[PDB]
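The chain below stands alone and is given as structure tokens, in the form deposited in one PDB entry.
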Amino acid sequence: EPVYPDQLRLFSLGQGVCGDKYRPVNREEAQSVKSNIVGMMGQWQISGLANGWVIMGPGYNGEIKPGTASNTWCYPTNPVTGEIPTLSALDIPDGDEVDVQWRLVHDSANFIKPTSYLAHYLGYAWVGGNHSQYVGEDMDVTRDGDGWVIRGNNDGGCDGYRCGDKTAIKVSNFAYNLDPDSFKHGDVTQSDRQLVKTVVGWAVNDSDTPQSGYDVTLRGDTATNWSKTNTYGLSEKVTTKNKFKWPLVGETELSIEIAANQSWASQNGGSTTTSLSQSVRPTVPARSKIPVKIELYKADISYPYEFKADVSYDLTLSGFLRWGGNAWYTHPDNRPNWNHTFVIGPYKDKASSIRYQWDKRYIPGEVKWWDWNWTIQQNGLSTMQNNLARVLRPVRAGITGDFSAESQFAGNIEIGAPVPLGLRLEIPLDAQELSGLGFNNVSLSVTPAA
């Protein structure tokens, strides 16, 4: 009965019209998940709803009001019910890699219990230590190269058929993707925008024609010099998927690009040369000159910073599958030894994706791995939704350090009131002082706007 916004589909077939298998979303349903729908919309997008209503984009504040639209937000006549909720992220503060993983995989409520449950619901046998009669208790977490293994304790002996063969949950292949958008910074340790030099003068119009087609344009270059630290080692293994420019704090401007596919901890500063470029379209009255000034600045900035890195890992379940109750699509009854890897994080393929397999579980052709319906048959839709929501809970780790920059730049060429006496400049540029100041190859040139 809840509308799942991740199942909406937009059609462009004319007023109130959906493609085969879809039907228009109504004003009340769209109200119930309103921020999800708007967030799936373009700034000024206006899309239709049932029965003469439209929802508007974030630029209009996601307003729902009567109106007509040739494109319509639609919802399946046969939606997939019982989606797996997405829980709030679990944030792990910055530390060394081993310590960050440890806080993750040794957490009984958020990792050991959920994943052991998962094993157990799929029919994996013996998911717990010998010191508990409950699933995912008495579980030893031990290092395995760059990951970990969690497996019931095996001290002393046991009963049960093959009871010594505990199921293992191997956590490996951790990756950490830094999210630029998660940037945050503590108090500005140091800040100041300092007027270093002013370049001042005149542009004259020596002619009868009121000159006004020309750009006047500053050129030249300077440096941004920056550095950062990394408080812990996890930074050695952290990357960012796409390059981004270091974010703007306050009234400064830097040219720092962080690069993709390269250690966070191996990008600790350096000197990139920003570029001077300002232009200005002045209109100059009948044989008059105009005052012209360009302010040159240096700026320092420094603060502690925090980004968050999305942690992903592979979870491999290994053990035998029980006679007369397991969830492999072929329902083997011979207790074969099994190994399956689920990718916990960004999707890699169908076989390794609980979300895919679960969302498609009513499509017979798609069921080539686990039989999720069987697990619902066993435990109820509820229990599975909540277990899987926990298993899939997003994990982030804090990546921290101190940041520091200084850069130089030029303000906008500023233009004054025209006073009376193909445009001409009279704005002295002391190449040598500027160069001494750090402003190199500076040049002022006049050229046409068309």
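Think of the rigid core as the biggest set of C-alphas that the two forms share within 1.5 Å after superposition. We number the residues from 1 along the sequence you see.
Separately, the form deposited in another entry exists; it is not shown, and the next lines address it.
Colleague: Pick from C158, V188, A259, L248: whose Cα moves by 2 Å or more between this form and the one not shown, rigid core superposed?
Modeller: The one that shifts is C158.
Colleague: Please determine whether the C-alpha atom of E97 is displaced by 2 Å or more between this form and the one not shown following superposition on the rigid core.
Modeller: No, because once the rigid core is superposed, the C-alpha of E97 moves less than 2 Å between this form and the one not shown.
Colleague: Tell me, please, whether between this form and the one not shown the C-alpha of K289 is shifted by 2 Å or more, with the rigid core used for superposition.
Modeller: For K289, whose C-alpha is compared between this form and the one not shown after core superposition, the shift is 2 Å or more.
Colleague: For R393, is the C-alpha shift between this form and the one not shown 2 Å or more after core superposition?
Modeller: After core superposition, the C-alpha of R393 moves less than 2 Å between this form and the one not shown.
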